[PDB]
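Chemist: Let me give you the structure first, and then I'll get to my questions.
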Amino acid sequence: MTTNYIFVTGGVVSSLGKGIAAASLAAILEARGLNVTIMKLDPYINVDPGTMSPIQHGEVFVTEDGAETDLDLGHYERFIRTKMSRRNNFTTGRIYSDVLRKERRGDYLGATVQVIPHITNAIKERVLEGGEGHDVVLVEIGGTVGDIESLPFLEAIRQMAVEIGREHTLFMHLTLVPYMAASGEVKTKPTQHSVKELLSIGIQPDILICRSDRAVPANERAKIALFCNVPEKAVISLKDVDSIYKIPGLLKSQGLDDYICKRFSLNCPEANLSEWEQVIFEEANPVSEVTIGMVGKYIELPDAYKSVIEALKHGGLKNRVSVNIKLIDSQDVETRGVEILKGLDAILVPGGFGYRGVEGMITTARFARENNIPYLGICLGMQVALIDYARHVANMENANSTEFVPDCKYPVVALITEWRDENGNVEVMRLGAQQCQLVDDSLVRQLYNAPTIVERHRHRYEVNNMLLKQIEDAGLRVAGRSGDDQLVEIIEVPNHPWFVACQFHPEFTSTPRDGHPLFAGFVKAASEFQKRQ
Amino acid sequence: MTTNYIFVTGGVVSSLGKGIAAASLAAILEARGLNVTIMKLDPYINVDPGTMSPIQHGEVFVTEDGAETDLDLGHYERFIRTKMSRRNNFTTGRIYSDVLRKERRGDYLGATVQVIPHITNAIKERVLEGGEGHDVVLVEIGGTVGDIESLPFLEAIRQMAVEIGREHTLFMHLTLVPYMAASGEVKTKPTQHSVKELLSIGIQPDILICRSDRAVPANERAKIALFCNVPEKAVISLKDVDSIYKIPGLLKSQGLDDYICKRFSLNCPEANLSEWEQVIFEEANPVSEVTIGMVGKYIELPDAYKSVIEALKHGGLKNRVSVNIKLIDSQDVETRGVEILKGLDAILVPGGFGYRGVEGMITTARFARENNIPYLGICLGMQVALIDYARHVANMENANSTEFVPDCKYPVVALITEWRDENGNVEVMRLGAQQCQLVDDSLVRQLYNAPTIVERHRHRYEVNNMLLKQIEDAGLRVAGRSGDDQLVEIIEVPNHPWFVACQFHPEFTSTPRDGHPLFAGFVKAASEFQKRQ
Amino acid sequence: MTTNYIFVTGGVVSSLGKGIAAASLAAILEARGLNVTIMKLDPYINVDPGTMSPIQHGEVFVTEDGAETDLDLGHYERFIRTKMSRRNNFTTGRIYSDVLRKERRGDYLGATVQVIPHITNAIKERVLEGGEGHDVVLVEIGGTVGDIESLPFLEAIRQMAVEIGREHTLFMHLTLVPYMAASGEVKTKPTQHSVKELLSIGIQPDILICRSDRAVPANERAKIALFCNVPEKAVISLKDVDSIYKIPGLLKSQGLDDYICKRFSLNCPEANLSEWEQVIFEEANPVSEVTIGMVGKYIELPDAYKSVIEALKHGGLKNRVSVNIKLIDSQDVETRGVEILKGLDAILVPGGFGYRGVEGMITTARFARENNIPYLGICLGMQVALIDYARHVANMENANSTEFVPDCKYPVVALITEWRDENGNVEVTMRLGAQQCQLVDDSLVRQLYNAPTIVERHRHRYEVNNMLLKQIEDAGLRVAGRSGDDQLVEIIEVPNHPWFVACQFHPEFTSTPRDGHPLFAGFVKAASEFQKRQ
Ligand SMILES: Nc1ccn([C@@H]2O[C@H](COP(=O)(O)OP(=O)(O)OP(=O)(O)O)[C@@H](O)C2(F)F)c(=O)n1
Ligand SMILES: Nc1ccn([C@@H]2O[C@H](COP(=O)(O)OP(=O)(O)OP(=O)(O)O)[C@@H](O)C2(F)F)c(=O)n1
Ligand SMILES: Nc1ccn([C@@H]2O[C@H](COP(=O)(O)OP(=O)(O)OP(=O)(O)O)[C@@H](O)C2(F)F)c(=O)n1
Ligand SMILES: [Mg+2]
Ligand SMILES: [Mg+2]
Ligand SMILES: [Mg+2]
């Protein structure tokens, strides 16, 4: 059982949806009983996206093992059931960091360390490390063919195709076929030049995925097959769609999975996309509609809350409710007031870092609590919720977090080493999955329908346990704790229809096929609030 | 006084002599009164050539400040009088090491670190750092145009030409014009394709240097000018020569310096190459001939002793003696004996590391001392000389160095921390220039004609001062000491015509125009030994 | 059985010997019992090489059917026994002329005639026309990969591989591996960049022939295989050799024919190169050595007399004589005299056109006739021999050809429509291809060919004037061969001479190293006997 590889590249432009196209193809192959995995090769010099800002890169996806990776891995876990780890995403800076250390350590034996073979061997070893043990491995190459930054990746996979052999490797190249309003037709010329650019590096593509705002006609697909040494049946058309859940069905109708199984000599049953057909039906037929407002600080780039937005979509699928997400700036709450919070069936405050716009998130958690509006807080959303309750119900004046105000009197949120009290008395970066214990007779104990749950963390500041008892007596309820130190994970307000706030990131485990219990109840409570108007 | 830059690249093949061509052009510009400097941009991932083996890379040149650089800087210091430093040579691994540390330290403010502009800006800053403050700066780009490894360098200098402006930048491209025995003509086709490859990166060359085993005719130079958008007067012919000292004269006769001074708007006097005309005359008319044998361990690549071989050439220029250097393997001395040492007018043992073939170097230093054959030892050549005298004259049985035999009874050579004696009693990496004090009435005090001298070091193991007094009483003389610890630098044997051994590397300060006092006397004593046969 | 194609291309430079390497590969395949053929695709705009000077691309080779073609076809016939014709060589101008003709008629039906597919289809139709009907077809693509002129050829052959399939197509690419004296090694970088350029057009080479002044080591051949997606066994080395007849043996030892037969699924026996080993054995074991001087007007480019030079070397094989050919300028005879013709064991005067340097050839034909030096004239070499015997023996002063002096008194050589007398009386044109010639019984050429009629190839316009011929016959000149209905003179001889033969046709176009030629064999033998008497 030799492991087969499918290398995915992109040409013409960069906004082609390589990750979505790879995840959709992997969903078809997994629907035929195959063991499939996906990996992402990023060309930036950052060692990992942990040091990158959400305003420029997007959200930082977190795997089970605790790796900060590109958000494309969120697409992978939402299309296939194979768990992603650190081996599924590495960058150019990671490769050079490995080679530089081995060179200073003297592991190359005084040899001249060069791009070929030293840099290329480092790339090929990581692809084989995260690929071996599967039937089909999809390797997404970041960047656009023809740029400097992707050449080490492209030269490395070319060498793999030669040693592994053409009988177990495929090159899938995505191109742009733009439509011109002048001639009223789509143009295949950018595709012709891109394939020539990919050939000038030594790679002959085997499958061409044509991206366009409309279906690519057979006459244009025949011309592309003529100039690119590709059979016509291997030229697939992928139009712009309103729902990425339809893409697996669109690729199967053109026989993309059949051409792959034939090349790799795989005899597997027909792809059963019945789960995806169900998701398309649920999305296309909502019975209600709600308006949930997301109050954050990174709203200038909606990709900063990628998994959060997709988690609200999955909440509406399980409840047959059309969720209309409204991005509202938390700084405008400080400027204009809670007037930009009226007319919302629910309110969600996602995570973040930095004091900019936090006082607006505290005011937003207050408006949702005084007016019985459903509220869901994630990471920073739990901090501003705990602040509001301590500052306004527990009467802890100017309660804040040490991240924002280091020398505050009431540090309800602080590092484990920074824990103190209102007088100064003391006691004698969490990443990845961690088990959590739920409190009985709580709102989250009913939803999760289980005693212990597992979620993924990405935070530094915890809830101050030396100030928790004074808030609990003020009416606040604790629903989740974890670890030997019994750190607060989930908080609730029982005198409220729906008010749950958690420290972990539940949006990293939400899928369209299986949903998520927390977002299902949050959207369900949002529609019930809309009914009572 | 804006600083002008001349970027030097190479095409077709890599063995073109880019460094020699750049050094020769810099010698012409310096002959017109201009302040010129040269820098080398290497495309390998090694942070510095310090961790590279001489068998693969060549000799490791050492500058005054103590930097381990490429051997091309040896060509630079032997053509111009501007001192080289760390700022005159950096590698791709150096650039990525800088960017990776700033990214982990958070100096990019959460931005996406990319090849452009982050990697290119790091390159442009080092070129400006080592270039500003001069009239003309020659930047040699390692590698061949069209390869992956040189693209960051080529994209970086393209951006400099745009900002600095074409009025102060030039691109000089070296190509190969091979001769075919079939058609009896030279072929310009590789040059035509190379310029197209250089244009596909965004660089339009301004001067073309045509390398060939013979002069490039005017008809071929006119065809190259036609297909490359270059004026015919800017197409220079550089044939294969028997002496690189003629290359400045060959470039001046074609007006290469005039075209550069006109572009940069420099009004300087005519190049006075009278010193180079003298060196060519001295080399072309030797009055005697000697056969000096160099006994080492890296002789399988003669470039491992690049500066040593060139230092013997400079010794013959000052004495009008034709030096015929013979590379002999020190391991063959251990196998076949001193029979491969007969018929030598002199013997030289250069530096090195490792126990392989050292016992042959000890036997060679013994054969040159018992037969009154002139001997010169550098670094390791002084260690094996001190061993022979201690092992055979001072009767220190099995005397060796701790690098080779760590637990020997007589460690005449050891680290400063490893110093001991024959019983085990103790007391209560040097790089760059260091002042040395010479002993009066010594052979080196006469040659250097000065009390204190400055030479460059590259070694770890020193002479054991606790075992030096027992060797001095055996007749051995100490000629040089340095530092507060008074480390042994130069040793001599007075009952010998010529027997000098030093710890520093004198070959790094030898030039064809000014020679070197140590190699001048060594070759002079080699001819006197030839007369007495 | 399906016809297989082997496309041959060149990179880095142009002087790689693509024709010699293709012909040598075809000789191996023919030695295995395969029906093989070759064809040359020239990228110049000339419709046919007939309108080209010999000091430009070389000699103008002539086939049996009368087609003026590139000289590479001369290498083909000297290596394989398959006869070449017009459909074995065409140019870019030939393609555009055909497409422009169909477009002016209207055969494209008001369509936009474009490089693709109209020009590319015209190329593919001609390759299939001269290719279909054989087992293996070698298509040599002229020019260097990466230039503009060869791009229509490379795109057309790329489309053929897709339609035919890779089970019957192979791409063989020749590159240059130069040796650097500065590093003492050969360089594979020009090959790497050339393959990338061939890939950017859409062609992935299958075999790489490495040309160098020495054998390419295995480490370099392994590095080339690494960067070019080519298996290491398909990287062949082809050093510079002193004798081109050794090349078939060199390609066989590296298993080039075995790799080709495996790809095309051909079951044929092992090649037998005994006929080539015999030629090498004859060439490396001479018993005598002679010096034959060739006096012409195109000596500045030795390839202008390519087939003549090779014909003299074939004559030396049949006689075990090492021939030293000395090229002499006919103009230097006009200025410096016949002083530069001393020390020659024989004199050969090839063909040509133009009055420039003809008077030096007439003087040379006189030198070899008076001093009894073996002489052989071809086309123009017969004109200057006929002029010499009429101007200096038959006493017809200022006798010349109308090509040179149109209004002369004795036009011994003129067009058939120009035939006249010394008084002006008349009687009551490009010859190309093979034509039968009848020989005279008691003649020297009759015993050499040992047959009454022969077949040789012509390329000339001016004929021997029959109206002034009988006056030269009575002067002592012998006519050895005539042809056609008009009894045009083909071969002439001088009896009072050891070996003096001149012919109108080009016998060098039928000479081969394995079979020789009867006329050149006797000429070299006569040169050996002259050297013995001195
Ligand atoms: N490698 C190539 C490819 C094409 N063409 C020339 O391209 C010309 C057609 O140009 P168009 O109509 O603008 O491009 P298209 O191919 O039709 O693809 P689309 O229209 O979807 O962008 C032919 O005359 C040609 F001649 F075919 C060329 O010269 N060289
Ligand atoms: N960009 C180009 C350049 C040239 N050529 C074509 O190249 C052809 C000449 O090819 P050669 O003689 O082998 O190369 P050379 O130019 O003479 O240089 P050298 O001989 O020193 O290598 C022209 O017909 C051409 F037509 F000029 C081309 O098609 N496209
Ligand atoms: N596609 C490529 C190929 C090579 N190189 C880089 O080319 C560099 C080696 O340079 P060289 O020695 O001059 O070329 P050679 O391959 O050895 O072939 P020859 O020497 O026979 O001409 C590597 O560091 C490299 F890194 F391998 C590159 O950057 N991109
Ligand atoms: Mg079109
Ligand atoms: Mg040419
Ligand atoms: Mg090399």
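Identifiers in this document derive from the order of the structure tokens: chains are assigned A, B, ..., residues are numbered from 1 separately in each chain, and ligands are numbered from 1 in order of occurrence.
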Could you make a table, as a Markdown table, of the residues of chain B that have an atom within 6 Å of an atom of ligand 3, each with its nearest atom pair and distance in Å to one decimal, counting only C-alpha atoms and all ligand atoms, in chain and number order?
Modeler:
```
| residue | atom | partner | partner_atom_place_in_ligand_line | distance |
| --- | --- | --- | --- | --- |
| B:13 | CA | ligand 3 | 22 (O) | 5.6 |
| B:14 | CA | ligand 3 | 13 (O) | 4.5 |
| B:147 | CA | ligand 3 | 30 (N) | 3.8 |
| B:148 | CA | ligand 3 | 29 (O) | 3.7 |
| B:149 | CA | ligand 3 | 29 (O) | 3.8 |
```
Chemist: Could those selected residues go to a file with C-alpha atoms, as a PDB file, in the first residue's frame?
Modeler:
```pdb
ATOM      1  CA  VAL B  13      28.418  28.903 -16.404  1.00  0.00           C
ATOM      2  CA  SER B  14      29.918  29.661 -12.992  1.00  0.00           C
ATOM      3  CA  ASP B 147      19.248  29.697 -10.649  1.00  0.00           C
ATOM      4  CA  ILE B 148      16.968  29.817  -7.616  1.00  0.00           C
ATOM      5  CA  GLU B 149      19.711  30.622  -5.121  1.00  0.00           C
TER       6      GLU B 149
END
```
Chemist: Residues of chain B within 8 Å of chain A, counting only C-alpha atoms - could you list those as a list in words?
Modeler: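 Only these qualify: residues 43, 44, 45, 46, 47, 51, 52, 53, 56, 57, 93, 96, 97, 100, 103, 104, 106, 109, 110, 111, 112, 113, 114, 115, 148, 149, 151 and 152 of chain B.
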Chemist: Find the residues of chain C in contact range of chain A, meaning any atom within 12 Å when counting only C-alpha atoms, and list them as a VMD selection string.
Modeler: chain C and resid 116 to 117 155 to 156 158 to 163 165 to 166 192 to 205 223 225 to 232
Chemist: List as CSV every residue of chain C that is in contact with ligand 5, defined as an atom at most 10 Å from one of its atoms (using only C-alpha atoms and all ligand atoms), together with the nearest atom pair and the distance in Å rounded to one decimal, sorted by chain and then rising number.
Modeler:
```
residue,atom,partner,partner_atom_place_in_ligand_line,distance
C:13,CA,ligand 5,1 (Mg),9.2
C:14,CA,ligand 5,1 (Mg),8.0
C:15,CA,ligand 5,1 (Mg),9.0
```
Chemist: Could you save the residues just selected, with C-alpha atoms, as a compact mmCIF listing (two decimals), in the first residue's frame?
Modeler:
```txt
# COMPACT_ATOMS: atom_id res chain seq x y z
CA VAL C 13 24.71 26.41 -29.44
CA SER C 14 24.10 25.36 -33.05
CA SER C 15 27.31 23.59 -34.17
```
Chemist: Would you list the contacts of residue 379 of chain A as a PDB file with C-alpha atoms, in the first residue's frame, taking every protein, DNA or RNA residue within 9 Å and counting only C-alpha atoms, but skipping same-chain residues closer than 2 positions in sequence?
Modeler:
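Contents of selection_34.pdb, as written:
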```
ATOM      1  CA  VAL A 349     -17.974  38.936  21.683  1.00  0.00           C
ATOM      2  CA  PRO A 350     -15.048  36.922  20.252  1.00  0.00           C
ATOM      3  CA  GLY A 351     -11.495  36.680  21.529  1.00  0.00           C
ATOM      4  CA  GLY A 352      -8.614  39.069  21.104  1.00  0.00           C
ATOM      5  CA  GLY A 377     -18.287  35.147  24.898  1.00  0.00           C
ATOM      6  CA  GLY A 381     -15.593  37.554  25.629  1.00  0.00           C
ATOM      7  CA  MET A 382     -15.477  35.794  28.996  1.00  0.00           C
ATOM      8  CA  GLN A 383     -13.079  38.359  30.478  1.00  0.00           C
ATOM      9  CA  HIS A 457      -7.148  26.920  24.249  1.00  0.00           C
ATOM     10  CA  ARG A 458      -5.163  29.953  23.132  1.00  0.00           C
ATOM     11  CA  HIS A 459      -4.737  32.479  25.953  1.00  0.00           C
ATOM     12  CA  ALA A 501     -19.011  32.688  28.310  1.00  0.00           C
ATOM     13  CA  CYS A 502     -16.032  30.365  27.896  1.00  0.00           C
ATOM     14  CA  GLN A 503     -12.240  30.626  27.886  1.00  0.00           C
ATOM     15  CA  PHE A 504     -11.489  28.068  25.157  1.00  0.00           C
ATOM     16  CA  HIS A 505     -12.190  28.529  21.439  1.00  0.00           C
TER      17      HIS A 505
END
```
Chemist: Can I get the residues of chain A within 12 Å of ligand 4, each with the closest pair of atoms and their distance in Å to one decimal, using only C-alpha atoms and all ligand atoms, sorted chain first then ascending number, as a tab-separated table?
Modeler:
```
residue	atom	partner	partner_atom_place_in_ligand_line	distance
A:179	CA	ligand 4	1 (Mg)	11.9
A:180	CA	ligand 4	1 (Mg)	11.4
A:183	CA	ligand 4	1 (Mg)	9.4
A:184	CA	ligand 4	1 (Mg)	11.1
A:185	CA	ligand 4	1 (Mg)	8.5
A:186	CA	ligand 4	1 (Mg)	8.6
A:187	CA	ligand 4	1 (Mg)	6.8
A:188	CA	ligand 4	1 (Mg)	7.7
A:189	CA	ligand 4	1 (Mg)	8.1
A:190	CA	ligand 4	1 (Mg)	11.7
A:192	CA	ligand 4	1 (Mg)	11.8
A:219	CA	ligand 4	1 (Mg)	10.3
A:220	CA	ligand 4	1 (Mg)	8.7
A:223	CA	ligand 4	1 (Mg)	9.2
A:224	CA	ligand 4	1 (Mg)	11.1
```
Chemist: Grab the residues selected above and save them as a PDB file, in the first residue's frame with N, CA, C and O atoms.
Modeler:
```pdb
ATOM      1  N   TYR A 179     -13.776  36.467 -17.198  1.00  0.00           N
ATOM      2  CA  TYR A 179     -14.801  36.856 -18.156  1.00  0.00           C
ATOM      3  C   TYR A 179     -14.640  38.327 -18.514  1.00  0.00           C
ATOM      4  O   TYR A 179     -14.470  39.177 -17.634  1.00  0.00           O
ATOM      5  N   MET A 180     -14.705  38.624 -19.808  1.00  0.00           N
ATOM      6  CA  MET A 180     -14.596  39.985 -20.318  1.00  0.00           C
ATOM      7  C   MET A 180     -15.955  40.452 -20.817  1.00  0.00           C
ATOM      8  O   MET A 180     -16.579  39.783 -21.649  1.00  0.00           O
ATOM      9  N   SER A 183     -15.926  41.211 -24.981  1.00  0.00           N
ATOM     10  CA  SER A 183     -16.173  40.126 -25.920  1.00  0.00           C
ATOM     11  C   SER A 183     -17.249  39.156 -25.450  1.00  0.00           C
ATOM     12  O   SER A 183     -17.631  38.265 -26.216  1.00  0.00           O
ATOM     13  N   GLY A 184     -17.747  39.306 -24.224  1.00  0.00           N
ATOM     14  CA  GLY A 184     -18.793  38.427 -23.731  1.00  0.00           C
ATOM     15  C   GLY A 184     -18.391  36.973 -23.629  1.00  0.00           C
ATOM     16  O   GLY A 184     -19.250  36.090 -23.731  1.00  0.00           O
ATOM     17  N   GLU A 185     -17.102  36.696 -23.434  1.00  0.00           N
ATOM     18  CA  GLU A 185     -16.575  35.342 -23.340  1.00  0.00           C
ATOM     19  C   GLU A 185     -15.520  35.295 -22.244  1.00  0.00           C
ATOM     20  O   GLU A 185     -15.035  36.330 -21.778  1.00  0.00           O
ATOM     21  N   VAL A 186     -15.140  34.081 -21.860  1.00  0.00           N
ATOM     22  CA  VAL A 186     -14.064  33.870 -20.899  1.00  0.00           C
ATOM     23  C   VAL A 186     -12.764  33.670 -21.663  1.00  0.00           C
ATOM     24  O   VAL A 186     -12.747  33.158 -22.788  1.00  0.00           O
ATOM     25  N   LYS A 187     -11.659  34.079 -21.048  1.00  0.00           N
ATOM     26  CA  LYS A 187     -10.354  34.081 -21.690  1.00  0.00           C
ATOM     27  C   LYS A 187      -9.469  33.009 -21.069  1.00  0.00           C
ATOM     28  O   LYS A 187      -9.258  32.999 -19.852  1.00  0.00           O
ATOM     29  N   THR A 188      -8.949  32.119 -21.910  1.00  0.00           N
ATOM     30  CA  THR A 188      -8.053  31.058 -21.475  1.00  0.00           C
ATOM     31  C   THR A 188      -6.583  31.441 -21.582  1.00  0.00           C
ATOM     32  O   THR A 188      -5.724  30.629 -21.227  1.00  0.00           O
ATOM     33  N   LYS A 189      -6.274  32.646 -22.060  1.00  0.00           N
ATOM     34  CA  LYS A 189      -4.875  33.028 -22.237  1.00  0.00           C
ATOM     35  C   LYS A 189      -4.085  33.049 -20.933  1.00  0.00           C
ATOM     36  O   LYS A 189      -2.947  32.548 -20.935  1.00  0.00           O
ATOM     37  N   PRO A 190      -4.584  33.601 -19.819  1.00  0.00           N
ATOM     38  CA  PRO A 190      -3.812  33.502 -18.568  1.00  0.00           C
ATOM     39  C   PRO A 190      -3.501  32.073 -18.164  1.00  0.00           C
ATOM     40  O   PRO A 190      -2.432  31.820 -17.592  1.00  0.00           O
ATOM     41  N   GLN A 192      -2.987  29.531 -20.291  1.00  0.00           N
ATOM     42  CA  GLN A 192      -1.946  29.039 -21.189  1.00  0.00           C
ATOM     43  C   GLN A 192      -0.567  29.501 -20.740  1.00  0.00           C
ATOM     44  O   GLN A 192       0.390  28.718 -20.735  1.00  0.00           O
ATOM     45  N   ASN A 219     -15.913  24.239 -25.164  1.00  0.00           N
ATOM     46  CA  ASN A 219     -15.014  24.745 -26.195  1.00  0.00           C
ATOM     47  C   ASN A 219     -13.764  25.365 -25.582  1.00  0.00           C
ATOM     48  O   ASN A 219     -12.656  25.179 -26.100  1.00  0.00           O
ATOM     49  N   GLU A 220     -13.917  26.100 -24.477  1.00  0.00           N
ATOM     50  CA  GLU A 220     -12.750  26.678 -23.818  1.00  0.00           C
ATOM     51  C   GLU A 220     -11.935  25.607 -23.106  1.00  0.00           C
ATOM     52  O   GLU A 220     -10.700  25.657 -23.108  1.00  0.00           O
ATOM     53  N   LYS A 223      -9.745  23.993 -25.653  1.00  0.00           N
ATOM     54  CA  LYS A 223      -8.580  24.781 -26.039  1.00  0.00           C
ATOM     55  C   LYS A 223      -7.493  24.717 -24.973  1.00  0.00           C
ATOM     56  O   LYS A 223      -6.301  24.657 -25.295  1.00  0.00           O
ATOM     57  N   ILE A 224      -7.886  24.724 -23.697  1.00  0.00           N
ATOM     58  CA  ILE A 224      -6.908  24.600 -22.620  1.00  0.00           C
ATOM     59  C   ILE A 224      -6.207  23.250 -22.694  1.00  0.00           C
ATOM     60  O   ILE A 224      -4.986  23.157 -22.515  1.00  0.00           O
TER      61      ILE A 224
END
```
Chemist: Apply DSSP to the backbone of this structure and, from segment 310-454 of chain A, keep only the residues in alpha helix (DSSP H); write these as a ChimeraX atom specification.
Modeler: /A:310-319,330-336,358-370,380-388,443-448
